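Data first, discussion second: the structure below is written as structure tokens.
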Amino acid sequence: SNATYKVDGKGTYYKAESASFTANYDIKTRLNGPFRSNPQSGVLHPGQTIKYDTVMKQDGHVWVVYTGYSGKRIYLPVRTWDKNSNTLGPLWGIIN
Ligand SMILES: O=C(O)c1ccccc1O
Ligand SMILES: O=C(O)c1ccccc1O
Ligand SMILES: O=C(O)c1ccccc1O
């Protein structure tokens, strides 16, 4: 599975890909990596748009990654992902 991704030492699938994501929900964002157990960076509120540069699959979700003003990397989950089937849930916002 995930032939177009590489894999890191934590088993996270990742790939460089750039677009914009506009949230349709309040979505909690994370520091350090694509795990809901990680520290919370904050939240995207509906209608807020970020420009991402990396896509990851980990911890039951597809995530997109961007850089905050300070240079901290911020991990935003955008839909569910089942590792054993590669099935994806509906997107939590709009990609354009
Ligand atoms: O689904 C994709 O994104 C894809 C990309 C490259 C080659 C085969 C693929 O299915
Ligand atoms: O931001 C949320 O409430 C959330 C909900 C489901 C899964 C991951 C999440 O960050
Ligand atoms: O499945 C993907 O390749 C993908 C990439 C970016 C955002 C959401 C996604 O499902």
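Quick note: residue numbers are just sequence positions, from 1.
Going from atom CH2 of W92 over to atom OG1 of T80 covers 7.0 Å, rounded to the nearest 0.5 Å. The NE2 atom of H61 lies 11.0 Å from the CG atom of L76; values are rounded to the nearest 0.5 Å. Annotation: the span from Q48 atom CD to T22 atom OG1 amounts to 10.0 Å, rounded to 0.5 Å. Taking CG of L88 as the start and NZ of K57 as the end, the distance is 5.5 Å to the nearest 0.5 Å. Rounded to the nearest 0.5 Å, atoms OH (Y13) and CG (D8) are 10.0 Å apart.
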Applying side chain to side chain contact (heavy atoms under 4.5 Å, CB included), run through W63 and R36 and close with a yes or a no.
CA-CA 11 Å; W63 307 68; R36 294 167 283 170; 4.1 Å; yes

Applying side chain to side chain contact (heavy atoms under 4.5 Å, CB included), run through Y75 and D59 and close with a yes or a no.
CA-CA 12 Å; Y75 301 79; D59 186 36; over 6 Å; no

Dump the intermediate steps for side chain to side chain contact (heavy atoms under 4.5 Å, CB included) on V65 and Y52, then the final yes or no.
CA-CA 5 Å; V65 194; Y52 62 87; 5.8 Å; no

Could you go through the side chain to side chain contact (heavy atoms under 4.5 Å, CB included) check for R73 and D53 one step at a time?
CA-CA 11 Å; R73 297 285 282 172; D53 57 61; 2.7 Å; yes

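Within a 6.0 Å radius of NZ in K15, other residues, nucleotides and ligands contribute more than 12 heavy atoms.
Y14 and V62 are assigned to two separate hydrophobic clusters, defined by single-linkage of ILVMFWY side chains at heavy-atom distances under 4.5 Å. Residues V64 and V43 fall into different hydrophobic clusters, defined by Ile, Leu, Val, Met, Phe, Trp and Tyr side chains chained together at heavy-atom separations under 4.5 Å.
Looking only at distances, a side-chain donor or acceptor of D82 sits under 3.5 Å from a matching main-chain atom of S85. Here the side chain of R79 pairs a donor or acceptor atom with the backbone of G89 at under 3.5 angstrom.
Residue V78 forms a side chain to side chain contact (heavy atoms under 4.5 Å, CB included) with just one option from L91, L44, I95, and that option is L91.
Between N96 and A19, the shortest heavy-atom contact is O-CB, 3.7 Å.
Within the 4.5 Å cutoff, side-chain heavy atoms of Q58 are placed close to those of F35. Residues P46 and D26 are in side-chain contact: their nearest non-hydrogen atoms beyond the backbone lie under 4.5 Å apart.
For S41, the side chain to side chain contact (heavy atoms under 4.5 Å, CB included) partners are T29, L31, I74, not counting sequence neighbours.
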